[PDB]
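Hydrogens, waters and symmetry mates are skipped; everything else that's a heavy atom, side chains included, is used. Below, chains carry the letters A, B, ... as their sequence lines are ordered, and counting in each starts from 1. For ligands, and for the atoms within them, numbers begin at 1 and follow the listed sequence.
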Amino acid sequence: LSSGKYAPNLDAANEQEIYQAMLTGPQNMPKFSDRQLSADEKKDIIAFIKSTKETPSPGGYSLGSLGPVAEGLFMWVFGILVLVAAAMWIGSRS
Amino acid sequence: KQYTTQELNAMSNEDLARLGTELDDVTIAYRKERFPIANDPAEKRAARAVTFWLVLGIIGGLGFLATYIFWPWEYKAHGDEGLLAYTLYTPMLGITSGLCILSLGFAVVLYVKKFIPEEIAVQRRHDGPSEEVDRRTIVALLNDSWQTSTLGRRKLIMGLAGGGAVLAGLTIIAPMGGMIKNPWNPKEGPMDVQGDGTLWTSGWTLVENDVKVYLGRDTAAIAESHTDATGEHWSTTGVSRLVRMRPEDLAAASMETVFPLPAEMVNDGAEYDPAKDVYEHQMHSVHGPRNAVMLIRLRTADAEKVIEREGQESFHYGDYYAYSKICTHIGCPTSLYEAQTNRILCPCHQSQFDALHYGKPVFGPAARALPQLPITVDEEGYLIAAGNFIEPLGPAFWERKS
Amino acid sequence: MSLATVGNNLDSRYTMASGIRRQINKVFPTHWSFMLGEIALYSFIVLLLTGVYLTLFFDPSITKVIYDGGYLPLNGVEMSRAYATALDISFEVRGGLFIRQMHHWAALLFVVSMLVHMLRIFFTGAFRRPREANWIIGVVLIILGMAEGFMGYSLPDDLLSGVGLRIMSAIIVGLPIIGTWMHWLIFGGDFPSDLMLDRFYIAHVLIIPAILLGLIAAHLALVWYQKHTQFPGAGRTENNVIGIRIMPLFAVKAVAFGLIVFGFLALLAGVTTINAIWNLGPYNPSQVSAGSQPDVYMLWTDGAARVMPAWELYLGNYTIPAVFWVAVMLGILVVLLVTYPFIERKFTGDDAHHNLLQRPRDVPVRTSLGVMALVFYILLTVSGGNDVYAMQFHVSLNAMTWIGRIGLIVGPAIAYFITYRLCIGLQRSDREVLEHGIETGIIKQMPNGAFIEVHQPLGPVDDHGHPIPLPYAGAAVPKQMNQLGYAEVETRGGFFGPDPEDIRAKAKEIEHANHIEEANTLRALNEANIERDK
Amino acid sequence: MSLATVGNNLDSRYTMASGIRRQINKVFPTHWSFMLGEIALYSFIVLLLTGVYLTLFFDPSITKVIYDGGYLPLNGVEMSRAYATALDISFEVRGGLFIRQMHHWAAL
Amino acid sequence: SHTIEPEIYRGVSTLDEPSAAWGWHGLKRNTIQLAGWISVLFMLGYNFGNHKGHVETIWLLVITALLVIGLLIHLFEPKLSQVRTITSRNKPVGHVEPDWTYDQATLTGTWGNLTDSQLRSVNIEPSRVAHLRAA
Ligand code: HEM
Ligand code: HEM
Ligand code: HEM
Ligand code: HEM
Ligand SMILES: CC(C)=CCC/C(C)=C/C=C/C(C)=C/C=C/C(C)=C/C=C/C=C(C)/C=C/C=C(C)/C=C/C=C(\C)CCC=C(C)C
Ligand SMILES: C/C=C(C)/C=C\C=C\[C@H](OC)[C@@H](C)[C@@H](OC)[C@@H](C)CCc1oc2c(O)c(OC)cc(OC)c2c(=O)c1C
């Protein structure tokens, strides 16, 4: 978020802490009363959060699930460097 | 010079090879064998290096085919039996296939790098301009063809031929006008809950058709899998995607995403019908391009210091304010309501809108304030849209005033 | 085997012996960085094959369905057929996720290999005459590959990709005077529309691949016809090529490097997740996520949109939105990339036929322009993912936006300065060796107590013992003694024991003879080249 | 006319003159039936152009939909998206029927 | 000592930058000026945007001040003269040092006129050098 604020990683919280995060509106987090998001809705939100935090990816290492940036930073640095190494192993120098 | 069959027969095979390369202006400057000693230990030492990776090429290939056929590949959710076996199917596929193919490649690279001889070969280039006779003669032939034709004399046939050529080109490409579409011709039929399909409108324009349009919250409901003797059927007949919401619902410093919910597509409250199929239309409303509205409740301390815009006074209802959730930069959702600073932040290019200064952008590449919806409450106390926006919603375009 | 009959029939029917003799005798220079184009070729082939596999399972429609597939955490959810069949590729087809991820990793490898290949071409000067055509078509190739990846990852119709399409649509409407009509032409209407995914699908699988392949074909044909450039070195002239022949060496090496590329992509495709559309859900215009960002080869555009100020013109009944200047910026830097050879020929005045290359130290203006452009593009790329950076390194977001803005002036300039001075310094180091000889590292003390370092000259000497300074020749000068071979091992055997001394003595004699004759042939070819210049 | 410059560039960069001279002098016999292969070739060209055009308006999905479009004698009828977008080519696109007709005739 | 004569290519002399024959050296003073000035204009433009803070403004403005005084000294070069003082018993410019160590080793020059007692005080018996020292 702006000016040094940020939505933290949800991994550290437990289920009661997630519920009370929603209920209390900690710092710049919008509050979510049980009139807005019902009890069953908050149970479902906690279920999604914990099932995504607990399941492994079927496709290999997640790279921290950061999407195109991290996947890029892996191919555009490491991935090109090992094939540069192979091109030097197969070719000549000056 | 040429060679008779007897002379080519008189040669040795290496001499024929030398002649072969020199016919292409290539010369082998240097060339030497890798293992000249007769029964070198280093040659057997190199053979075992190559066979190592060929053995693992075979091992990896067979392991890939075993993994691919017999490893349990089918989906498992968290808590299921054999979850770990499923999470490793694709990993094992790749590590075995990589073993196979990389080991074959390494075998071949090593074979080149220590069995095939080493050589320096030198080829002469033939580039630059051509040999001048060919330049003069090709120019002669082409000039001859043009002057032969006699078409340069006939200015009328040339002009008409060019005109017909370009006009035939137009005739070929003119059916591309089947793609051209007036952006200002409305969509077919009457107006919809997504608007008339122009850049002016939205679902909230339906207020102008005398329709009562509630502000409706997304229940996020899913279809239900009924099952009976005739099969299993996912259905949506008693399920509401959008439901009306009331002014008591949001605490101060809460934000709710609300969509236009005409009174004809409502199915909730005491007037609920368990067979009233409205999920399809409410879904059509949730997917309107510029239908999403950000409904915020300020704290009283915040509403004591909220700055109003000309003509948009009395759009709010008490401490409840309503803005367009579509960013005024290039159209992302402006979802991030910093509850304490009262600044609505767009996660695309980091524009910041001041919810206490009629949504005016205070940072980023946005230049216009978020549009504001007029809202109120009706005779049953549900929040409703008291009017339409007074601005075009979404990003800017050439035909927009201010 | 009776290959004589096959060869005789083919030759009697086509008269092919001379034409094929010409191709097995063709020579290629064998520097390592002449393999960076190859990677782009091989990853492209992978992209083709894996792509056709995906088309046997994919439906590109924006029609909606209720999901009833494998992935249970989305069953009962309304989604397009595109998202549904991408989930079926990912979960209900055996090995489908493997081929999906291999396709995406191949895309990333294709684009970055094109980048580093182009940087070789730039820093070595292989673009200049007679080879500007390959430069223009290669710039076209990198642009079309970028567009291809964009349209490709827009297909599965997840939330992130659809936000990307939203941003494309918003930028196309903003164009004066014709943005609205262009949008209604491209998308067939307002966004989303019926035919948008069909048009992006046929653009992705047929149109852009066809242009890409045709231009790769023309590109490789021109590279084969205009024989390859080479660095300066012993025997090497503008008028020759020194290296290895197609048959047997270079063809085998190409096949093997291709196998390595294929296996590396296969491995990536198994051991690391990429995209993971099932966490993102289906596209919804009213939803968004903090880690937005396009794919890596598009982050520069994103960053250009983040660093731009909100400069808008009101004229007054018409509007110029603030992102128009971002389009102007992209147009400028595309035009300047594609027309650079002519810029360099304008401002250098060089227009000779060049077949030898330049070491980047010896052309410091170009190397400094290159590194400054590298830094401008790096700061645009980090400006794109600047919020992920901020979250992950405890930097203020707004600080990162202003870092991007100011950096896009001060970073390139500092980069130019530092690069230029380092280039001149490397030149001076080489000139030190050619003036006074290799610094062996040995320090002796003379009788008068003077510590003198022992130098090894690379040429003649005067009677004082001081080398006669050799002229620079555009080639690499050895800097340490071990490059001349004075560290080379002189035992021979396995790790666990030596060969018999007869074989070792014989082998070392043979190896010494090899080195002497290789040096002799390059020296004779060097003298012959002087004589050809009279 | 400026052609001196143009050719000078091309040949100087590609050593072009001898090859194209070998090509422009190639002889062809002119019996009428030796035109027939050209007919197939030109048909194929037309087929590719019109085909790419038709891909800009066609949705190959089998998913069923109630039709609402230009052809009113099938309004309210349930059909796959493939048939529906074929009908929309035929009646909603200006010149679409002409192009689909040309594509099919060129196939024959 | 010997070295090859100087030469100039496109105005870049080989002493100031080697390899001037081998590629694009240079980039002229006026174009560095133009780059700096027009990028300074683009720096000043940043101040006008919609932002409300002023940490941004002070950053922009000092960076402009530094770029500007840089461009100024790049246009108006402030050369200075070699100093010609003689401080702290330094010697004027034309002086020629002897090799004191050669003198100590050979007992000549600065070590020439030692007395009998002084030679004896550096562990040399003066009979060892009486024949070798000059008349
Ligand atoms: C004829 C060649 C190609 C075909 C048939 C093809 C086919 C496809 C299809 C059908 C998809 C749908 C999404 C999916 O199934 O995951 C896809 C995804 C994609 N394609 Fe292609 N493609 C081709 C070439 C390329 C090229 C050349 C590139 C890059 C320059 C590329 C980059 C991508 C990317 C990045 C994706 C997204 C991968 C993902 O969804 O995980 N494709 N491709
Ligand atoms: C998918 C895209 C591309 C492929 C498959 C490709 C392939 C190749 C290959 C295999 C070579 C010869 C080997 C080597 O020099 O590495 C080559 C050379 C060359 N490439 Fe590319 N390339 C691509 C893109 C580009 C780009 C982006 C540029 C520059 C803007 C470019 C310009 C050149 C030039 C000028 C040469 C000639 C090098 C020389 O003659 O010394 N190509 N390319
Ligand atoms: C789309 C498909 C085809 C195209 C575009 C095509 C095109 C051509 C052209 C232009 C010629 C030279 C001029 C002429 O003879 O008309 C030719 C010759 C030839 N065609 Fe085809 N043709 C096609 C199909 C076929 C078929 C179906 C056959 C036989 C089963 C065939 C066998 C031949 C042969 C043997 C020649 C050489 C004739 C000669 O040199 O006199 N082609 N083709
Ligand atoms: C790049 C090449 C091609 C493309 C992109 C293409 C595309 C299409 C498309 C989109 C349709 C949609 C159905 C319709 O319009 O009713 C179609 C129909 C058809 N295509 Fe193609 N096509 C190509 C090549 C060919 C070729 C080479 C042939 C024949 C050998 C062919 C024969 C047909 C026929 C007969 C139809 C049915 C047309 C109708 O019933 O109206 N197409 N094509
Ligand atoms: C591959 C991919 C994926 C992508 C790619 C895309 C593209 C197309 C890209 C492109 C890029 C480019 C081309 C870039 C470029 C860039 C550039 C060239 C830039 C530049 C910049 C510049 C500047 C900023 C400059 C500055 C300057 C200055 C500031 C100066 C200063 C000076 C001074 C201070 C003076 C010194 C002296 C003394 C002090 C004595
Ligand atoms: C020759 C090309 C042809 C035939 C076809 C296709 C052309 C493609 C264009 O590039 C060439 C296209 C990528 C480009 O057009 C200006 C726009 C999408 C703008 C680039 C763009 O994307 C974003 C994006 O995708 C995102 O996703 C999640 C997120 C983004 O911010 C957070 C952006 C973004 O801020 C920008 C500027």
Measure the distance from [atom] to every protein heavy atom, then report the residue, atom name and distance (to 0.1 Å) of the closest one.
atom                    : value
atom 14 (C) of ligand 4 : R100(D) CD, 3.8 Å
atom 13 (C) of ligand 4 : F58(D) CE1, 4.2 Å
atom 9 (C) of ligand 4  : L54(D) CB, 4.0 Å

To the nearest 0.5 Å, what is the distance between CH2 (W398(B)) and CD1 (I178(C))?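 One gets 11.5 Å once the value is rounded to the nearest 0.5 Å.
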Interatomic distance, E71(A) atom CD to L66(A) atom CG [nearest 0.5 angstrom]: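 Answer rounded to 0.5 Å: 8.5 Å.
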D295(C) and ligand 1 - part of the residue with a heavy-atom distance under 4.0 Å: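 For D295(C), there is no contact with ligand 1 at all, from either part.
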Side chain, backbone, both or neither: which applies to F57(C) and ligand 1 if a contact is any heavy-atom pair less than 4.0 Å apart?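 Neither part.
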Is the gap between the ring centers of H183(C) and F187(C) under 6.0 Å?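 Yes: the rings meet the under 6.0 Å criterion.
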Report yes if the distance between the aromatic ring centroids of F262(C) and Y42(C) is under 6.0 Å, otherwise no.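 Aromatic pair excluded; centres sit 6.0 Å or further apart.
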Winner among [options] once heavy atoms are compared against [atom]:
atom                    : options                          : result
atom 8 (C) of ligand 6  : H329(B), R166(C), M168(C)        : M168(C)
atom 42 (N) of ligand 1 : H204(C), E148(C), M114(C)        : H204(C)
atom 3 (C) of ligand 1  : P156(C), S154(C), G51(C), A40(C) : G51(C)
atom 28 (C) of ligand 4 : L49(D), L47(D), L97(D), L87(D)   : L47(D)

Contacting atoms of ligand 4, where contact means under 4.0 angstrom from a heavy atom of [X]:
X       : value
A107(D) : 29 (C), 32 (C), 35 (C)
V52(D)  : 5 (C)
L48(D)  : 1 (C), 2 (C)
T55(D)  : 5 (C), 10 (C)

Enumerated ligand 6 atoms positioned under 4.0 Å from heavy atoms of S292(C):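 Per the distance check, 32 (C).
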Report the atom name of the nearest N/O/S atom of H103(C) relative to atom 21 (Fe) of ligand 1.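 When I compare the N, O and S atoms of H103(C), NE2 is nearest to atom 21 (Fe) of ligand 1.
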Close-contact set for ligand 1 against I89(C) heavy atoms, below 4.0 Å: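 Listed by number with element, the hits are 15 (O).
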Do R81(D) and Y67(D) meet the cation-pi criteria used here (NZ or CZ under 6.0 Å from the six-membered ring centre, within 45° of the axis)?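 No, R81(D) and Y67(D) do not form such a contact.
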